[PDB]
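Chain by chain, the residues run as shown.
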Amino acid sequence: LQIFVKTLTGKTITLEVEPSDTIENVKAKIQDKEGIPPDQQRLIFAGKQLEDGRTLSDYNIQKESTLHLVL
Ligand SMILES: [Cl-]
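Residues numbered from 1 in each chain as written, not as in the entry; some residues may be left out. Heavy atoms only, no water.

Per the deposited record, the coordinates in this entry were obtained by X-ray crystallography to a resolution of 1.39 Å.

The name given to the chain in the PDB entry is Ubiquitin.

Participant: Pulling in residues and values, what's your account of the environment of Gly-10?
Facilitator: Locating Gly-10 in the fold gives a position in the loop between β1 (2-6) and β2 (12-16). For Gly-10, a relative accessible area of 41% puts it in the partly exposed group. Along the primary structure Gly-10 and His-68 are separated by 58 residues, whereas in three dimensions their C-alpha atoms are 8.6 Å apart. (Helix = DSSP H or I, 4+ residues; strand = E, 2+ residues; numbered from the N terminus. Buried < 20%, exposed > 50% of the residue type's maximum accessible area, 1.4 Å probe, protein only.)

Participant: A description of the sheet that holds β2 should follow, citing residues and the corresponding values.
Facilitator: Spatial strand order, β2-β1-β5-β3-β4: five strands in an open sheet with mixed pairing. With partners counted over all chains shown, the strands left at the sheet margins are β2 and β4 (48-49), one partner each. In the sheet, strand β3 (residues 43-45) pairs with β4 via two bridges, with the strands oriented antiparallel. Note that in β4 the partner of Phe-45 across the bridge is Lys-48. Here helix α1 (residues 23-34) sits on the sheet and contacts β1, β2, β3 and β5 (66-69); the angle it forms with β2, its principal contact strand, is near 125 degrees. (Pairing = 2+ DSSP bridges. Contact = heavy atoms within 4.5 Å. Axes fitted to C-alpha atoms, helices over the stretch in contact; angles between N-to-C directions.)

Participant: Break down the environment of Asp-32 for me, with residues and values.
Facilitator: Turning to its location among the elements, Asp-32 is positioned in helix α1. A relative accessible area of 68% means that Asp-32 is categorised as exposed. Remark: the alpha-carbon pair of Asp-32 and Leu-67, spanning 35 residues in sequence, is separated by 17 Å.

Below is the structure:
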């Protein structure tokens, strides 16, 4: 599954994940890519706040979906 994550400057991160990856797993991938600590990351998809212990499939996140890092 390929997804995009936009940082707070609009920089695009491209990630490879599985549909049942947790948001915690995605946060670790963003940390590796950009150095942003997971506890400072807050992710939104289609206006929905994503929780660390839930999965991408729980939120209907699909191929080429874009997630946003927010304050
Ligand atoms: Cl896992």
